[PDB]
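Visitor:
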Amino acid sequence: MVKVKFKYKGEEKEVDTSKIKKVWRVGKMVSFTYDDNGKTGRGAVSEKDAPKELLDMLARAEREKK
DNA sequence: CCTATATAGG
DNA sequence: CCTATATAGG
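Numbered by our numbering, the letters in the first sequence go through residues 11 to 76 in order.
1) What does the Cβ neighbour count give for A60, buried or exposed, with the cut at 16 atoms within 10 Å?
2) Over what stretch of residues does the beta strand (DSSP E) that includes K15 continue unbroken?
3) Suppose the cutoff is 8 Å on Cβ atoms and the five residues either side in sequence are ignored; what does the same chain contact list for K32 look like?
4) Exposed or buried, what is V55 when buried is set at 16 or more other beta-carbons lying within 10 Å of its beta-carbon?
5) State yes or no: is the C-beta of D46 nearer than 8 Å to some heavy atom of the ligand FAD?
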């Protein structure tokens with residue numbers, strides 16, 4: 011399935027897009043929270059590095075709560 | 001380095 | 001209030 015590779019405390023981490031709870035933009039940074047094994051995890055990626063699915067959840071987050 | 005940015009999180 | 005993320009440079 012689709013995955014997003016992001017940094018976390020100096021290391022590359024990966025998470026399935028299906029686990030993402032909320033995604034939002036901060037300029038060129040795309041931040042998000044995810045269900046992390048029962049607790050909330052966080053991550054962010056550069057907009058250029060975001061996978062399509064994440065950018066769609068983004069557009070549908072704000073470009074779909076207008 | 002720092003401050004700011006959006007957001008969530010007992 | 002603090003922290004974590006990418007980027008700006010206000």
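In this text, a Cβ means the ideal position worked out from N, Cα and C, and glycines have one as well.
Guide: The relevant details are as follows:
1) By the beta-carbon neighbour count (other beta carbons within 10 angstroms, threshold 16), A60 is buried.
2) Start and end: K13 to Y18.
3) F42, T43 and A71, listed in sequence order.
4) Result: buried.
5) Of ligands this structure carries none, so the ligand FAD is not represented either.
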